[PDB]
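Each step along the sequence shown adds one to the number in PDB author numbering, with nothing skipped, and position 30 is 55.
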Amino acid sequence: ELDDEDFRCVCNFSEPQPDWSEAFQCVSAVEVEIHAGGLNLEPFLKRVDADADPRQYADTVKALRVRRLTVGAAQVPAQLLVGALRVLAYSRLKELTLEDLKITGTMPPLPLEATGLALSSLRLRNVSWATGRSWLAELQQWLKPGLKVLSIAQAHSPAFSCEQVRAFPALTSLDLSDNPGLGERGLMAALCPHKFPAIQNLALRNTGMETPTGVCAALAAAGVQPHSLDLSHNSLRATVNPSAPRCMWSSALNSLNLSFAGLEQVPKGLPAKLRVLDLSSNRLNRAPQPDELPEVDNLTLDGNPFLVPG
């Protein structure tokens, strides 16, 4: 129905003919989600097809403290989803989240200038599109340049056309977690070069990769200098497998996470400088030799087979 305790919403639906009208209960709330449970929004056409600024559907959102939006079950044609994006451009919204959708149709070109919105931390999970090879680039046309955080999880044909993608001036973080099929090569063809110029925190979790050395080379090969870096869910190994004449580790690279993995012994290509190094829940063997350890700063360790006896 619509349960909220003075700080959220849900609008958990499922019925064969959703009476969305109750939605207005959780208006002007900061956090808000709109479930739908395997819905087909293809007969739902109205209203948004005379969408922008009238004398009725425009100033109602001149200031509507809804900063965090989630829309996680429906199936939206692109002809309208963009509509929802456009109206909100007026409003005060920052984080947008699509989850388990399926965009159909084909996305329309934009008339005037940047009618888009100042999205802050746009996230994506299991969302499928139309012109699959190019969905971000097309979607960018309705986002304001100011973007801080990108999380992209799940897909079908992971790739995107990193060639008409524009700017990303300040994409601070970047999360490509939960894509068990990205890989070190898929990675280089993920973060387009001379694009994503400024990347601080950087999550690359369960993307099904192996050794760090490849990642060291791949980021240098690409064109990024990360700060934090998360790998907390891969099948990691330990070798000198080609190549590493001197793995050009990104100097100012900092906080590294290697928790929860098939980590056998500590690998190679570990820069001697960090800030924080997490590593719990591993399958390790005693020694902290310089042959198997860079100078830490502070290592949180709560799992591991060191805290084993019992």
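Just so you know, even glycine gets a beta-carbon here, dropped at the ideal spot from N, CA and C.
Collapsing the DSSP output to three states places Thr129 in a strand. If you draw a straight line from the Cα of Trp167 to the Cα of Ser53, it is about 23 Å long. In the assembly as shown, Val333 is an exposed residue. Its beta-carbon has fewer than 16 other beta-carbons within 10 Å.
In this structure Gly206 is in contact with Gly233, their Cβ atoms being roughly 6 Å apart against a cut-off of 8 Å. Residue state for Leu118 is assigned as coil, using DSSP reduced to three classes. The beta carbon of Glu124 sits closer than 6 Å to those of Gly97 and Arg150, all from its chain and outside the five residues before and after it, given in chain order.
For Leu283 against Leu256, the beta-carbon gap comes to about 6 Å, under 8 Å, which counts as contact. Residue range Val174 to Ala178 is occupied by the beta strand (DSSP E) that includes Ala178. Taken in chain order, the complete alpha helix (DSSP H) segments of 4 or more residues contained in the segment 190-250 are 208-213 and 237-247.
Selection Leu89, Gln165, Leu254 and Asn231 evaluated against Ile224 yields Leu254 as nearest (Cα-Cα). Taking each of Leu302, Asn231, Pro43 and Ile177 in turn and checking the Cα distance to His252, the smallest one comes out for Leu302.
Taking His181 as the centre and dropping the five residues before and after it, the same chain places the C-beta of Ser153 and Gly157 closer than 8 Å to its C-beta, in chain order. Annotation: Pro222 to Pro170 spans about 13 Å, alpha carbon to alpha carbon. Residue state for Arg111 is assigned as helix, using DSSP reduced to three classes. Around the C-beta of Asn259, 16 or more other C-beta atoms lie within 10 Å, and the residue is accordingly described as buried. Exclusion of the five residues before and after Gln179 leaves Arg150, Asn151, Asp203 and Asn204 as the residues of its chain whose Cβ lies within less than 7 Å of its Cβ. The criterion of a C-beta distance shorter than 8 Å is satisfied by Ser305 and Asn329.
Rounded to the nearest whole angstrom, the C-alpha separation of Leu144 and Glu120 is 6 Å.
When beta bridges are read from the DSSP output, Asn279 appears opposite no residue. The residues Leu27, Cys36 and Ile59, in chain order, have a CB closer than 8 Å to that of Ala48 in the same chain once the five nearest residues on each side in sequence are set aside. Between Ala286 and the set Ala83, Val86 and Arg262, the nearest pair of CA atoms involves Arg262.
Bridge partners of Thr95 according to DSSP: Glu58 and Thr122.
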